[PDB]
$ cat my_file26.cif   # mmCIF, N, CA and C atoms
data_start
loop_
_atom_site.label_atom_id
_atom_site.label_comp_id
_atom_site.auth_asym_id
_atom_site.auth_seq_id
_atom_site.Cartn_x
_atom_site.Cartn_y
_atom_site.Cartn_z
N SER A 244 -12.50 -0.40 47.12
CA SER A 244 -12.85 0.86 46.45
C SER A 244 -11.60 1.63 46.06
N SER A 245 -10.55 1.54 46.89
CA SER A 245 -9.29 2.20 46.56
C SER A 245 -8.74 1.67 45.25
N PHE A 246 -8.80 0.36 45.06
CA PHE A 246 -8.43 -0.20 43.77
C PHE A 246 -9.39 0.21 42.66
N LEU A 247 -10.70 0.12 42.92
CA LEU A 247 -11.68 0.36 41.86
C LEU A 247 -11.54 1.75 41.27
N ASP A 248 -11.53 2.78 42.11
CA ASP A 248 -11.35 4.12 41.59
C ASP A 248 -9.91 4.34 41.14
N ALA A 249 -9.01 3.42 41.48
CA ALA A 249 -7.69 3.38 40.86
C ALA A 249 -7.68 2.54 39.59
N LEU A 250 -8.77 1.83 39.30
CA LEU A 250 -8.84 1.05 38.07
C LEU A 250 -9.06 1.92 36.84
N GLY A 251 -9.55 3.15 37.02
CA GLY A 251 -9.81 4.00 35.87
C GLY A 251 -8.57 4.30 35.06
N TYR A 252 -7.39 4.15 35.67
CA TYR A 252 -6.12 4.51 35.05
C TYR A 252 -5.85 3.73 33.77
N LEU A 253 -6.68 2.73 33.47
CA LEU A 253 -6.61 2.04 32.20
C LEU A 253 -6.87 2.98 31.03
N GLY A 254 -7.88 3.84 31.14
CA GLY A 254 -8.30 4.63 29.99
C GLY A 254 -7.19 5.53 29.46
N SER A 255 -6.54 6.28 30.34
CA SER A 255 -5.44 7.13 29.90
C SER A 255 -4.27 6.30 29.39
N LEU A 256 -3.99 5.18 30.04
CA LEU A 256 -2.82 4.40 29.66
C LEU A 256 -3.04 3.71 28.32
N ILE A 257 -4.24 3.16 28.10
CA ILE A 257 -4.53 2.57 26.79
C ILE A 257 -4.63 3.65 25.72
N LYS A 258 -5.10 4.84 26.09
CA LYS A 258 -5.07 5.94 25.14
C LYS A 258 -3.63 6.26 24.74
N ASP A 259 -2.72 6.27 25.72
CA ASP A 259 -1.32 6.46 25.40
C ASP A 259 -0.82 5.35 24.48
N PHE A 260 -1.20 4.11 24.77
CA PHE A 260 -0.92 3.01 23.84
C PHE A 260 -1.29 3.38 22.41
N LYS A 261 -2.59 3.54 22.14
CA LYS A 261 -3.02 3.66 20.75
C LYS A 261 -2.47 4.92 20.11
N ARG A 262 -2.38 6.00 20.88
CA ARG A 262 -1.86 7.26 20.39
C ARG A 262 -0.40 7.15 20.00
N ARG A 263 0.42 6.58 20.88
CA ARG A 263 1.85 6.50 20.60
C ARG A 263 2.11 5.55 19.44
N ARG A 264 1.25 4.54 19.30
CA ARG A 264 1.32 3.69 18.11
C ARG A 264 1.02 4.50 16.86
N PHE A 265 0.00 5.36 16.92
CA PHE A 265 -0.31 6.22 15.79
C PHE A 265 0.88 7.11 15.45
N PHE A 266 1.54 7.62 16.49
CA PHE A 266 2.76 8.40 16.33
C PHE A 266 3.82 7.62 15.57
N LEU A 267 4.11 6.40 16.02
CA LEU A 267 5.15 5.61 15.37
C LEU A 267 4.77 5.27 13.94
N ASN A 268 3.51 4.91 13.72
CA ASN A 268 3.06 4.58 12.37
C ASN A 268 3.27 5.74 11.42
N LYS A 269 2.87 6.95 11.82
CA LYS A 269 3.01 8.08 10.91
C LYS A 269 4.48 8.43 10.70
N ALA A 270 5.31 8.25 11.73
CA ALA A 270 6.74 8.50 11.54
C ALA A 270 7.33 7.55 10.50
N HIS A 271 7.11 6.25 10.68
CA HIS A 271 7.58 5.29 9.69
C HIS A 271 6.97 5.56 8.31
N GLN A 272 5.72 6.01 8.29
CA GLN A 272 5.02 6.21 7.03
C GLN A 272 5.65 7.33 6.23
N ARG A 273 5.98 8.44 6.90
CA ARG A 273 6.65 9.53 6.21
C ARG A 273 8.07 9.15 5.83
N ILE A 274 8.72 8.30 6.63
CA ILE A 274 10.03 7.78 6.22
C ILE A 274 9.90 7.03 4.90
N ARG A 275 8.90 6.16 4.80
CA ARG A 275 8.68 5.42 3.57
C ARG A 275 8.41 6.33 2.39
N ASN A 276 7.52 7.31 2.57
CA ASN A 276 7.18 8.21 1.47
C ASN A 276 8.41 8.99 1.01
N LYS A 277 9.19 9.51 1.96
CA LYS A 277 10.39 10.26 1.62
C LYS A 277 11.37 9.40 0.83
N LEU A 278 11.65 8.19 1.31
CA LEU A 278 12.65 7.37 0.65
C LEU A 278 12.16 6.88 -0.71
N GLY A 279 10.86 6.62 -0.85
CA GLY A 279 10.34 6.26 -2.16
C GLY A 279 10.46 7.39 -3.17
N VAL A 280 10.12 8.61 -2.74
CA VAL A 280 10.31 9.76 -3.62
C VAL A 280 11.78 9.92 -3.97
N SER A 281 12.66 9.66 -3.01
CA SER A 281 14.10 9.70 -3.26
C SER A 281 14.48 8.75 -4.38
N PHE A 282 14.01 7.50 -4.30
CA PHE A 282 14.36 6.51 -5.32
C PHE A 282 13.84 6.92 -6.69
N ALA A 283 12.59 7.40 -6.73
CA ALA A 283 12.00 7.78 -8.01
C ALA A 283 12.79 8.92 -8.66
N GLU A 284 13.18 9.92 -7.87
CA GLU A 284 13.93 11.03 -8.44
C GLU A 284 15.33 10.58 -8.87
N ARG A 285 15.96 9.68 -8.11
CA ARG A 285 17.26 9.16 -8.52
C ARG A 285 17.15 8.49 -9.88
N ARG A 286 16.10 7.68 -10.05
CA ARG A 286 15.86 7.04 -11.34
C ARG A 286 15.68 8.06 -12.45
N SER A 287 14.82 9.06 -12.23
CA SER A 287 14.56 10.04 -13.27
C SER A 287 15.83 10.78 -13.65
N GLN A 288 16.63 11.16 -12.65
CA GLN A 288 17.89 11.85 -12.92
C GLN A 288 18.82 10.98 -13.77
N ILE A 289 19.05 9.74 -13.35
CA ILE A 289 20.00 8.89 -14.06
C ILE A 289 19.53 8.62 -15.48
N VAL A 290 18.24 8.33 -15.64
CA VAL A 290 17.72 7.98 -16.97
C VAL A 290 17.78 9.19 -17.89
N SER A 291 17.49 10.38 -17.37
CA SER A 291 17.60 11.58 -18.19
C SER A 291 19.05 11.87 -18.57
N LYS A 292 19.96 11.70 -17.60
CA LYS A 292 21.38 11.94 -17.87
C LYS A 292 21.87 11.04 -18.99
N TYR A 293 21.48 9.77 -18.97
CA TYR A 293 21.97 8.86 -20.00
C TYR A 293 21.23 9.06 -21.31
N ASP A 294 19.93 9.39 -21.26
CA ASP A 294 19.17 9.60 -22.48
C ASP A 294 19.60 10.86 -23.23
N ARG A 295 20.16 11.85 -22.54
CA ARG A 295 20.68 13.02 -23.24
C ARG A 295 21.81 12.62 -24.19
N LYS A 296 22.69 11.73 -23.73
CA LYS A 296 23.77 11.23 -24.57
C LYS A 296 23.27 10.20 -25.58
N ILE A 297 22.26 9.42 -25.21
CA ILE A 297 21.69 8.43 -26.13
C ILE A 297 21.03 9.11 -27.32
N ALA A 298 20.41 10.27 -27.08
CA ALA A 298 19.65 10.94 -28.13
C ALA A 298 20.53 11.26 -29.34
N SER A 299 21.73 11.77 -29.09
CA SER A 299 22.71 12.00 -30.15
C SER A 299 23.99 11.27 -29.78
N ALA A 300 24.01 9.97 -30.06
CA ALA A 300 25.23 9.18 -30.09
C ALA A 300 25.45 8.55 -31.46
N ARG A 301 24.46 7.79 -31.95
CA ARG A 301 24.44 7.24 -33.30
C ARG A 301 25.72 6.47 -33.65
N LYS A 302 26.48 6.04 -32.65
CA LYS A 302 27.65 5.19 -32.84
C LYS A 302 27.46 3.92 -32.04
N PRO A 303 27.67 2.73 -32.63
CA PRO A 303 27.36 1.48 -31.91
C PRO A 303 28.08 1.33 -30.58
N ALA A 304 29.41 1.47 -30.56
CA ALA A 304 30.15 1.28 -29.31
C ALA A 304 29.72 2.30 -28.26
N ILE A 305 29.58 3.56 -28.67
CA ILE A 305 29.23 4.61 -27.72
C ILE A 305 27.84 4.38 -27.14
N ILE A 306 26.86 4.08 -28.00
CA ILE A 306 25.48 3.92 -27.52
C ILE A 306 25.37 2.68 -26.65
N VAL A 307 26.05 1.60 -27.04
CA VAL A 307 25.99 0.37 -26.25
C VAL A 307 26.65 0.56 -24.90
N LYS A 308 27.78 1.27 -24.86
CA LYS A 308 28.44 1.51 -23.58
C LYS A 308 27.62 2.45 -22.70
N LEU A 309 26.96 3.44 -23.31
CA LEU A 309 26.07 4.31 -22.55
C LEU A 309 24.92 3.51 -21.94
N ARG A 310 24.33 2.61 -22.73
CA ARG A 310 23.26 1.76 -22.23
C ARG A 310 23.76 0.83 -21.12
N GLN A 311 24.98 0.30 -21.27
CA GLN A 311 25.55 -0.55 -20.22
C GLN A 311 25.73 0.23 -18.93
N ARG A 312 26.27 1.44 -19.02
CA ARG A 312 26.49 2.25 -17.82
C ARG A 312 25.16 2.62 -17.17
N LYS A 313 24.16 2.98 -17.98
CA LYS A 313 22.84 3.28 -17.42
C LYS A 313 22.25 2.06 -16.72
N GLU A 314 22.37 0.88 -17.34
CA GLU A 314 21.83 -0.33 -16.73
C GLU A 314 22.56 -0.66 -15.43
N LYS A 315 23.87 -0.46 -15.39
CA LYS A 315 24.63 -0.69 -14.16
C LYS A 315 24.17 0.25 -13.05
N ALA A 316 23.98 1.53 -13.39
CA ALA A 316 23.50 2.49 -12.40
C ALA A 316 22.11 2.13 -11.91
N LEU A 317 21.22 1.74 -12.82
CA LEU A 317 19.88 1.32 -12.42
C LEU A 317 19.92 0.07 -11.56
N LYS A 318 20.83 -0.86 -11.85
CA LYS A 318 20.92 -2.07 -11.03
C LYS A 318 21.40 -1.75 -9.63
N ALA A 319 22.40 -0.86 -9.52
CA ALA A 319 22.86 -0.45 -8.20
C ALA A 319 21.75 0.25 -7.42
N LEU A 320 21.07 1.21 -8.05
CA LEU A 320 19.99 1.92 -7.37
C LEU A 320 18.85 0.96 -7.03
N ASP A 321 18.66 -0.08 -7.84
CA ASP A 321 17.60 -1.04 -7.59
C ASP A 321 17.93 -1.91 -6.39
N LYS A 322 19.19 -2.33 -6.28
CA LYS A 322 19.65 -3.02 -5.08
C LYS A 322 19.46 -2.14 -3.86
N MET A 323 19.79 -0.86 -3.99
CA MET A 323 19.55 0.08 -2.90
C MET A 323 18.08 0.09 -2.52
N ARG A 324 17.19 0.16 -3.51
CA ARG A 324 15.76 0.22 -3.24
C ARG A 324 15.28 -1.03 -2.51
N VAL A 325 15.69 -2.20 -2.98
CA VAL A 325 15.18 -3.44 -2.40
C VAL A 325 15.73 -3.65 -0.99
N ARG A 326 17.03 -3.41 -0.80
CA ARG A 326 17.61 -3.54 0.53
C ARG A 326 16.99 -2.54 1.49
N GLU A 327 16.77 -1.31 1.03
CA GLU A 327 16.10 -0.30 1.83
C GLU A 327 14.70 -0.74 2.23
N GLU A 328 13.91 -1.27 1.30
CA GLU A 328 12.54 -1.61 1.64
C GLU A 328 12.48 -2.79 2.60
N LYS A 329 13.30 -3.82 2.35
CA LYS A 329 13.33 -4.96 3.27
C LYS A 329 13.80 -4.54 4.66
N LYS A 330 14.83 -3.71 4.72
CA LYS A 330 15.35 -3.28 6.01
C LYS A 330 14.40 -2.31 6.69
N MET A 331 13.62 -1.55 5.92
CA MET A 331 12.60 -0.69 6.49
C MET A 331 11.49 -1.49 7.13
N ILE A 332 11.04 -2.56 6.46
CA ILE A 332 10.05 -3.45 7.06
C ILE A 332 10.60 -4.08 8.34
N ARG A 333 11.85 -4.54 8.29
CA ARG A 333 12.46 -5.13 9.48
C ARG A 333 12.59 -4.10 10.60
N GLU A 334 12.94 -2.87 10.25
CA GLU A 334 13.04 -1.77 11.20
C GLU A 334 11.70 -1.46 11.85
N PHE A 335 10.65 -1.36 11.05
CA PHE A 335 9.33 -1.05 11.59
C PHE A 335 8.83 -2.19 12.47
N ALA A 336 9.15 -3.44 12.09
CA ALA A 336 8.80 -4.58 12.93
C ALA A 336 9.55 -4.54 14.25
N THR A 337 10.83 -4.18 14.22
CA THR A 337 11.58 -4.03 15.47
C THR A 337 10.97 -2.95 16.34
N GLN A 338 10.57 -1.84 15.72
CA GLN A 338 9.88 -0.77 16.43
C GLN A 338 8.64 -1.31 17.13
N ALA A 339 7.79 -2.03 16.39
CA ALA A 339 6.55 -2.54 16.96
C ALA A 339 6.82 -3.53 18.09
N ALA A 340 7.83 -4.38 17.92
CA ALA A 340 8.18 -5.32 18.98
C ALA A 340 8.58 -4.58 20.25
#
$ encode --input "my_file26.cif" --output "structure tokens"
Amino acid sequence: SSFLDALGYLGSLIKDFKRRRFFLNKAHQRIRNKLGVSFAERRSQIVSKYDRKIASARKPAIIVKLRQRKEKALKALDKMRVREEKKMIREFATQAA
């Protein structure tokens, strides 16, 4: 009987399990939302910055170099996005482990 009425301790402990998991999930989830919004705004900023010059360039070398610089910036930010997302998945998996 000492064990049996000590067996109830499962309920609180499993509640702590599922609850703390909910805690970790929402923490990672807001991390993901924040970083995704970060990437989207970085894109919008860079594309607007380059399109302001693209709108009135009308010179082949200038417009082509502006497009090259914009594409390079987008490629760098894109590498950032992909490495971030893969490492975020790996991070959340490490958390769960």
$ closest_residue --input "my_file26.cif" --among "A:270, A:336, A:323, A:317" --to "residue 286 (chain A)" --atoms "only N, CA and C atoms"
A:317
$ residues_around --input "my_file26.cif" --residues "residue 283 (chain A)" --least-positions-apart "3" --cutoff "12 Å" --atoms "only C-alpha atoms" --output "list in words"
residues 276, 277, 278, 279, 280, 286, 287, 288, 289, 290, 317, 320, 321, 323 and 324 of chain A
$ atom_distance --input "my_file26.cif" --atom1 "CA of residue 330 (chain A)" --atom2 "CA of residue 274 (chain A)"
12.3 Å
$ residues_around --input "my_file26.cif" --residues "residue 332 (chain A)" --least-positions-apart "3" --cutoff "12 Å" --atoms "only C-alpha atoms" --output "list in words"
residues 268, 271, 272, 274, 275, 325, 326, 327, 328, 329, 335, 336, 337, 338 and 339 of chain A
$ residues_near_point --input "my_file26.cif" --point "(26.3, 8.0, -22.2)" --cutoff "6 Å" --atoms "all atoms listed in the file" --output "ChimeraX atom specification"
/A:293,296-297,308-310
$ atom_distance --input "my_file26.cif" --atom1 "atom C of residue 252 (chain A)" --atom2 "atom C of residue 265 (chain A)"
19.8 Å
$ atom_distance --input "my_file26.cif" --atom1 "CA of residue 303 (chain A)" --atom2 "CA of residue 285 (chain A)"
26.6 Å
$ closest_residue --input "my_file26.cif" --among "A:267, A:331, A:294, A:301" --to "residue 313 (chain A)" --atoms "all atoms listed in the file"
A:294
$ build_atoms --input "my_file26.cif" --residues "region 300-321 of chain A" --atoms "N, CA, C and O atoms" --output "mmCIF file, in the frame of the given file"
data_model
loop_
_atom_site.group_PDB
_atom_site.id
_atom_site.type_symbol
_atom_site.label_atom_id
_atom_site.label_comp_id
_atom_site.auth_asym_id
_atom_site.auth_seq_id
_atom_site.Cartn_x
_atom_site.Cartn_y
_atom_site.Cartn_z
ATOM 1 N N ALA A 300 24.010 9.970 -30.060
ATOM 2 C CA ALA A 300 25.230 9.180 -30.090
ATOM 3 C C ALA A 300 25.450 8.550 -31.460
ATOM 4 O O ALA A 300 26.495 8.769 -32.083
ATOM 5 N N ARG A 301 24.460 7.790 -31.950
ATOM 6 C CA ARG A 301 24.440 7.240 -33.300
ATOM 7 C C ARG A 301 25.720 6.470 -33.650
ATOM 8 O O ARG A 301 26.025 6.268 -34.832
ATOM 9 N N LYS A 302 26.480 6.040 -32.650
ATOM 10 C CA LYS A 302 27.650 5.190 -32.840
ATOM 11 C C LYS A 302 27.460 3.920 -32.040
ATOM 12 O O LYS A 302 27.131 3.994 -30.841
ATOM 13 N N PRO A 303 27.670 2.730 -32.630
ATOM 14 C CA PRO A 303 27.360 1.480 -31.910
ATOM 15 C C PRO A 303 28.080 1.330 -30.580
ATOM 16 O O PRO A 303 27.426 1.082 -29.557
ATOM 17 N N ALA A 304 29.410 1.470 -30.560
ATOM 18 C CA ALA A 304 30.150 1.280 -29.310
ATOM 19 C C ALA A 304 29.720 2.300 -28.260
ATOM 20 O O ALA A 304 29.499 1.946 -27.101
ATOM 21 N N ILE A 305 29.580 3.560 -28.670
ATOM 22 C CA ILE A 305 29.230 4.610 -27.720
ATOM 23 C C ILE A 305 27.840 4.380 -27.140
ATOM 24 O O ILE A 305 27.637 4.452 -25.924
ATOM 25 N N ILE A 306 26.860 4.080 -28.000
ATOM 26 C CA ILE A 306 25.480 3.920 -27.520
ATOM 27 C C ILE A 306 25.370 2.680 -26.650
ATOM 28 O O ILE A 306 24.677 2.681 -25.626
ATOM 29 N N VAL A 307 26.050 1.600 -27.040
ATOM 30 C CA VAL A 307 25.990 0.370 -26.250
ATOM 31 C C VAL A 307 26.650 0.560 -24.900
ATOM 32 O O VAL A 307 26.142 0.090 -23.875
ATOM 33 N N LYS A 308 27.780 1.270 -24.860
ATOM 34 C CA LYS A 308 28.440 1.510 -23.580
ATOM 35 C C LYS A 308 27.620 2.450 -22.700
ATOM 36 O O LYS A 308 27.571 2.279 -21.476
ATOM 37 N N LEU A 309 26.960 3.440 -23.310
ATOM 38 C CA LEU A 309 26.070 4.310 -22.550
ATOM 39 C C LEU A 309 24.920 3.510 -21.940
ATOM 40 O O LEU A 309 24.561 3.701 -20.772
ATOM 41 N N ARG A 310 24.330 2.610 -22.730
ATOM 42 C CA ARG A 310 23.260 1.760 -22.230
ATOM 43 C C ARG A 310 23.760 0.830 -21.120
ATOM 44 O O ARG A 310 23.059 0.607 -20.128
ATOM 45 N N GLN A 311 24.980 0.300 -21.270
ATOM 46 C CA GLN A 311 25.550 -0.550 -20.220
ATOM 47 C C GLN A 311 25.730 0.230 -18.930
ATOM 48 O O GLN A 311 25.397 -0.268 -17.847
ATOM 49 N N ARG A 312 26.270 1.440 -19.020
ATOM 50 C CA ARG A 312 26.490 2.250 -17.820
ATOM 51 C C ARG A 312 25.160 2.620 -17.170
ATOM 52 O O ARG A 312 25.036 2.570 -15.936
ATOM 53 N N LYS A 313 24.160 2.980 -17.980
ATOM 54 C CA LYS A 313 22.840 3.280 -17.420
ATOM 55 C C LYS A 313 22.250 2.060 -16.720
ATOM 56 O O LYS A 313 21.695 2.177 -15.629
ATOM 57 N N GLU A 314 22.370 0.880 -17.340
ATOM 58 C CA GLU A 314 21.830 -0.330 -16.730
ATOM 59 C C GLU A 314 22.560 -0.660 -15.430
ATOM 60 O O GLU A 314 21.933 -1.109 -14.460
ATOM 61 N N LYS A 315 23.870 -0.460 -15.390
ATOM 62 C CA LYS A 315 24.630 -0.690 -14.160
ATOM 63 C C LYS A 315 24.170 0.250 -13.050
ATOM 64 O O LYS A 315 23.988 -0.160 -11.898
ATOM 65 N N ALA A 316 23.980 1.530 -13.390
ATOM 66 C CA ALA A 316 23.500 2.490 -12.400
ATOM 67 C C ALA A 316 22.110 2.130 -11.910
ATOM 68 O O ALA A 316 21.835 2.196 -10.701
ATOM 69 N N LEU A 317 21.220 1.740 -12.820
ATOM 70 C CA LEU A 317 19.880 1.320 -12.420
ATOM 71 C C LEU A 317 19.920 0.070 -11.560
ATOM 72 O O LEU A 317 19.137 -0.051 -10.613
ATOM 73 N N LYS A 318 20.830 -0.860 -11.850
ATOM 74 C CA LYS A 318 20.920 -2.070 -11.030
ATOM 75 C C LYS A 318 21.400 -1.750 -9.630
ATOM 76 O O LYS A 318 20.891 -2.282 -8.639
ATOM 77 N N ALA A 319 22.400 -0.860 -9.520
ATOM 78 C CA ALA A 319 22.860 -0.450 -8.200
ATOM 79 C C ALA A 319 21.750 0.250 -7.420
ATOM 80 O O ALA A 319 21.504 -0.084 -6.251
ATOM 81 N N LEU A 320 21.070 1.210 -8.050
ATOM 82 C CA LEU A 320 19.990 1.920 -7.370
ATOM 83 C C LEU A 320 18.850 0.960 -7.030
ATOM 84 O O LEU A 320 18.155 1.139 -6.022
ATOM 85 N N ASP A 321 18.660 -0.080 -7.840
ATOM 86 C CA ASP A 321 17.600 -1.040 -7.590
ATOM 87 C C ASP A 321 17.930 -1.910 -6.390
ATOM 88 O O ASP A 321 17.056 -2.213 -5.566
#
